[PDB]
Amino acid sequence: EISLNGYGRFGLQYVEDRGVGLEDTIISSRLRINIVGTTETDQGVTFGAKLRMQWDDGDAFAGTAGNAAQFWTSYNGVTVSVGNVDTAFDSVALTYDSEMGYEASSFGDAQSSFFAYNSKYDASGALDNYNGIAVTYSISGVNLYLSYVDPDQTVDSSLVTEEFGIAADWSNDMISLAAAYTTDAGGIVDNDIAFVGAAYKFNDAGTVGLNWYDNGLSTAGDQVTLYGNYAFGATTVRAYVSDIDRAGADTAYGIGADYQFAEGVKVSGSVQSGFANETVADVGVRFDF
Amino acid sequence: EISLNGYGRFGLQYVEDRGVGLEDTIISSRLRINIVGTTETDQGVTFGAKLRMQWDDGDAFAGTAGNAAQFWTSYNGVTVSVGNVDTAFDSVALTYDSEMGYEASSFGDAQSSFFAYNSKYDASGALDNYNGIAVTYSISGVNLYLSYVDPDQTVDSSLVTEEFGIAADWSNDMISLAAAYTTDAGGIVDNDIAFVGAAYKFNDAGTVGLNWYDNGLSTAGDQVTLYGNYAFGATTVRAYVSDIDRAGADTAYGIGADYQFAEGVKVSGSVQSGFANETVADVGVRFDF
Amino acid sequence: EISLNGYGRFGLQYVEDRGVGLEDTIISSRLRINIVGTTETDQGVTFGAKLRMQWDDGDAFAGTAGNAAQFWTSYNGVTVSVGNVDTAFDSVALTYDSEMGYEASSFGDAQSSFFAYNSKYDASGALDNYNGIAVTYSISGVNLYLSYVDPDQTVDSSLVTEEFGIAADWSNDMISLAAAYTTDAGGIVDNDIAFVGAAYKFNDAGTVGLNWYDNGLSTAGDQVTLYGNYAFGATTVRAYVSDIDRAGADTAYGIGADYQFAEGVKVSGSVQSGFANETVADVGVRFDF
Ligand SMILES: CCCCCCCCOCCOCCOCCOCCO
Ligand SMILES: CCCCCCCCOCCOCCOCCOCCO
Ligand SMILES: CCCCCCCCOCCOCCOCCOCCO
Ligand SMILES: CCCCCCCCOCCOCCOCCOCCO
Ligand SMILES: CCCCCCCCOCCOCCOCCOCCO
Ligand SMILES: CCCCCCCCOCCOCCOCCOCCO
Ligand SMILES: CCCCCCCCOCCOCCOCCOCCO
Ligand SMILES: CCCCCCCCOCCOCCOCCOCCO
Ligand SMILES: CCCCCCCCOCCOCCOCCOCCO
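Okay, here's the thing in structure tokens:
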């Protein structure tokens, strides 16, 4: 069986003083299509493969291609994936919950380098022999993630730096905890990164959270992001403040709102301020199909 | 929801004295697949996105890729589209009705340069930051089209030439009228083009029409195309004559026929003669799926 | 109507002493998706077109694109195809039946050069104007195949070498016979190749066969492959020995097994030895969807 799903999004993206001769505001858009092939068996083992075709405004050649494949096998809550896998640091819960706006961005997200599912081809040839193995296990409330990525599997191992990551999250109705650790993240020796986050659903409508990161070899240093959101019916308000160790850096912050127009149609906007005082704003829609 | 539709066509394409060392007759074919994602809402607003994958004989690398995305929002007969949009000059009725043969060609089509939906990627990088906005409105019988195309939206506007076009067509059971105007067509300063056409369904089986064009900065100058067609059951006969202002140019003309083999299967052929006395002929099939 | 089908496969691929600085064992995988558009008519003539998107580990740019189109028309058991066609030498029965392992490989396959359906684009530009015509006819038990491939249809014919091939196979419940002949195979002048094969289903569970090849201008010279397989329920055991004329060459051989895990899920493995004493082994799964 083969199924297609995806989303489209478009709106205005503003970055103050974007560049000399450049327009500060542009119409940023993305079309994403996922192609998923699945083979179910009566033994209870499911096999699957997926390909992604994603286009973003500004893409080279004004064209769209597929990325590298991901394959998996699931059985009893355990899933083993091979190829262009999802990594533990990128998969844990809470880590991206400060994001806002129609482009789901946040200066409060981790400021480190690490491997993650690649949505597109890479013209540089860097990903040509990139191959990962991932294992996930959902043990009611608790989720375990494990990933190993070999940036070039054809070359003798001792010559390449592989990334290994572990992550776990747990949640009940009002408290959520998450942690992750990755060594040689992004295939960079000694770029060991860590994450610890907690959230409290202090209501049926609101949640506040705190994420802490060890950004490894990043110039940002350690980071702390405090975020929260509150739902007033169909509209959700979001905000966050983030601080990094980098000497002289500013406190990043953002405020935004989401509006659930209909099932699968979300209108969002935000105004944010970065660590180097960058001012960014956006307003657009995302529709799922 | 995601739906796929498209067509395939193949046949013989002949151009007399095509070139030294070249074959005059080749097997020309095209495969077109449209991928459309739609999100309907109970509020009556529909959202959609589309991608096209088209291959034509002779395409570089013997491969097929997708083009740049188009997004739209429809509500009450009004549709607003963004990205790789359909333009007013290319969308009005009547303007392409002289076309014949399985490749739907005609020297009687406008001999000017203007932007239109891009079916494929562009290796030159010219379309990388190309973005348009289009608005259409169907007011029973009357159709309004509006388009604005910015060839490079990231660059300061005063530095780039944007194309703006307006078009309208109206029709009852036997008369049709259409007009269009585009300034800086194709992003070429002062390349202002215009179209005025009328058709008369002098029967249930036949129609004759007259299209007039102001080809802007084209060497063709003004143009007049007289065309007509008549249906004898499943077979339709077509013909046209076209004249351009260019000094020394010949009168272009063509004769062809269509045969509706079955629903979605059309066999067509034509023999045409161009403004520079080019002789072209074709015979093939188009099947829709 | 448009339908998608395909398969995914992954496993371990081992080649002893693969290269200096290289890993002998890698995780080799492939994702194949076929897009087929069909137009059925009440006259009993079916039209179709197909595109393939295939990705294999190691592919350049870590991306996936479509290949060149194939079109066809079927009526009363006769099918005429145009474009990226399947060729007679590659389509006859028996010729690939010695293949084993999850990657369906065999040193016993013909060691010659010939054209065949192209699953992917070609960055070299060699396939840009490649066009073939194929005709097949199924006359109960007997299958006829005919193919003509013009490597560059735009260039004067006398300047290019076209490939022409004929093939036929016949089978009843226990005996199968197949033969094929192709002149200027692969567009190489005088590279005339031939195949003759026979198989005997000496049981409901086992079959033994013998394939003989004239490899044309290949250094292999004539070749003989003796193969057989036997099914013990869900597991099938396979083996083959192959000999080529090339002076000093070793006898190639392989042993492998298939395990039908469920409908559409096959686990396979093999250990093989080549003509130059290459030792290869593999173990993986193929799942169809
Ligand atoms: C300097 C900006 C130049 C481009 C024109 C700006 C006005 C564009 O909006 C109109 C068309 O729709 C496309 C953009 O999406 C904007 C609105 O937000 C999405 C729906 O709320
Ligand atoms: C195999 C799937 C098709 C993907 C291949 C596209 C390869 C294009 O690059 C070829 C070399 O030229 C370099 C292009 O510049 C960078 C393009 O990518 C960047 C923006 O998305
Ligand atoms: C010329 C700039 C155009 C692009 C950016 C527009 C940016 C402004 O929108 C910001 C929205 O976020 C504001 C806060 O939301 C709080 C709650 O009230 C809204 C309830 O739906
Ligand atoms: C100089 C031409 C060289 C190629 C061979 C010419 C004969 C080809 O037609 C046979 C195969 O079908 C493919 C082409 O479509 C032609 C017929 O028109 C379509 C159906 O009416
Ligand atoms: C990103 C989607 C894949 C589209 C990218 C293909 C890019 C190929 O070009 C890379 C640079 O090389 C130049 C090729 O020559 C022109 C090819 O296009 C012309 C015929 O259709
Ligand atoms: C060697 C050249 C091969 C490719 C071109 C073939 C061109 C000839 O076909 C032209 C058909 O148009 C003729 C006029 O149609 C008029 C009506 O009668 C047909 C009714 O179905
Ligand atoms: C030197 C090899 C380096 C990579 C790790 C080897 C172990 C890999 O197998 C585990 C993950 O699944 C992916 C590979 O498929 C192998 C098993 O065969 C398929 C199912 O029987
Ligand atoms: C038009 C469909 C997209 C296919 C075009 C990809 C063209 C990429 O090549 C552009 C020129 O650069 C040469 C690349 O090196 C070889 C890539 O292919 C080999 C491995 O599969
Ligand atoms: C380190 C090498 C890893 C990759 C290669 C593994 C190769 C070994 O597997 C070979 C299997 O073929 C053996 C013969 O099968 C005979 C029948 O018994 C099996 C019944 O299901």
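Taken in order, these protein sequences are the chains called A, A' and A''. A prime marks a further copy of an entry chain.
So in the deposited numbering, spot 214 of the first sequence is number 214, and the numbers just go up one at a time.
So in the deposited numbering, spot 177 of the second sequence is number 177, and the numbers just go up one at a time.
So in the deposited numbering, spot 97 of the third sequence is number 97, and the numbers just go up one at a time.
The beta-carbon is built from N, C-alpha and C at its ideal position, and this holds for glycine as well.
Asked: Pair every Cβ in the region 103-117 of chain A'' with every Cβ in the region 209-227 of chain A'', then say whether three or more of these pairs are closer than 8 Å.; Found: yes
Asked: Quick one: residues in its chain with C-beta nearer than 8 Å to the C-beta of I27 of chain A', no 5 flanking neighbours on either side, listed in chain order?; Found: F10, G11, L12, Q13, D57
Asked: Going along chain A'' in order, which residues have a C-beta closer than 9 Å to the C-beta of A49 of chain A'?; Found: Within chain A'', no residue comes near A49 of chain A'; the closest Cβ sits about 18 Å away, beyond 9 Å.
Asked: Of the residues A':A68, A':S81, A':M174, which one's Cα is nearest the Cα of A126 of chain A'?; Found: A':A68
Asked: Within the same chain, show all residues whose beta-carbon is closer than 7 Å to that of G186 of chain A'', passing over the 5 residues directly before and after it, in chain order.; Found: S113, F114, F115, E163
Asked: Going along chain A' in order, which residues have a C-beta closer than 9 Å to the C-beta of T64 of chain A?; Found: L51, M53, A65, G66, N67, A68, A69, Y121
Asked: How about the region 84-97 of chain A' and the region 150-166 of chain A': do they share at least three Cβ pairs that are nearer than 8 Å?; Found: yes
Asked: Relative to chain A, which residues along the region 1-25 of chain A' have a C-beta separation below 8 Å, given in chain order?; Found: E1, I2
Asked: According to DSSP, is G11 of chain A'' part of a helix, a strand, or is it coil?; Found: strand
Asked: Would you report the Cα separation of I139 of chain A' and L159 of chain A'', rounded to the nearest angstrom?; Found: 59 Å
Asked: Compute the minimum distance between the beta carbon of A60 of chain A'' and the heavy atoms of ligand 8, and state whether it is under 6 Å.; Found: yes
Asked: In terms of alpha-carbon separation, which member of A'':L4, A'':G269, A'':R286, A'':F289 lies closest to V280 of chain A''?; Found: A'':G269
Asked: Within 10 angstroms of its Cβ, does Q43 of chain A collect 16 or more other Cβ (buried), or is it exposed?; Found: exposed
Asked: I'd like to confirm the pairing. Which residues does DSSP put opposite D243 of chain A' in its beta bridges?; Found: A':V224
Asked: Of all the residues that make up the region 112-138 of chain A', which are near chain A'' by a beta-carbon distance shorter than 9 Å?; Found: none
Asked: Within 7 Å of any Cβ in chain A, is that where the Cβ of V196 of chain A'' sits?; Found: no
Asked: On the DSSP bridge assignment, give the partners of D258 of chain A in chain order.; Found: A:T236, A:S268
Asked: Is it true that the CB of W212 of chain A'' sits closer than 7 Å to the CB of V196 of chain A''?; Found: yes
Asked: Let's test the definition: count the other Cβ atoms within 10 Å of the Cβ of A249 of chain A and tell me whether it reaches 16, buried, or not, exposed.; Found: buried
Asked: So, does the CB of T87 of chain A'' fall closer than 7 Å to a CB anywhere in chain A'?; Found: no
Asked: Would you report the Cα separation of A234 of chain A' and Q260 of chain A', rounded to the nearest angstrom?; Found: 5 Å
Asked: Is there at least one non-hydrogen atom of ligand 1 closer than 6 Å to the beta-carbon of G284 of chain A?; Found: yes
Asked: Return the bridge partner residues of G132 of chain A'' from the DSSP annotation.; Found: A'':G83, A'':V149
Asked: What is the rounded straight-line gap between the Cα of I133 of chain A' and the Cα of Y121 of chain A''?; Found: 34 Å
Asked: Hey, would you say the C-beta of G83 of chain A'' is under 6 Å away from at least one heavy atom of ligand 8?; Found: no
Asked: For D288 of chain A, which residues in chain A' fall below 8 Å Cβ to Cβ?; Found: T39
Asked: Tell me whether the beta-carbon of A49 of chain A' lies closer than 7 Å to the beta-carbon of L31 of chain A.; Found: yes
Asked: Give a single yes or no on whether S270 of chain A' has its beta carbon closer than 6 Å to a heavy atom of ligand 6.; Found: yes
Asked: Under a CB-based cut-off of 7 Å, is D184 of chain A' close to chain A?; Found: no
Asked: Assuming contact is defined by CB atoms lying nearer than 7 Å, are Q54 of chain A'' and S119 of chain A'' in contact in what I supplied?; Found: yes
Asked: Which residue's Cα is closest to the Cα of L217 of chain A: A:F71, A:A110, A:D282?; Found: A:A110
Asked: Go to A281 of chain A', then tell me how far its beta strand (DSSP E) extends in each direction, as first and last residue.; Found: 279-288
Asked: Is it true that the CB of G254 of chain A' sits closer than 7 Å to the CB of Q272 of chain A'?; Found: yes
Asked: Within the continuous alpha helix (DSSP H) that includes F89 of chain A, where are the two ends?; Found: 88-91
Asked: Check each candidate in A':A65, A':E16, A':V82 and name the one with the smallest Cα separation from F71 of chain A'.; Found: A':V82
Asked: For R52 of chain A, report the span of its beta strand (DSSP E) as first-last.; Found: 46-56
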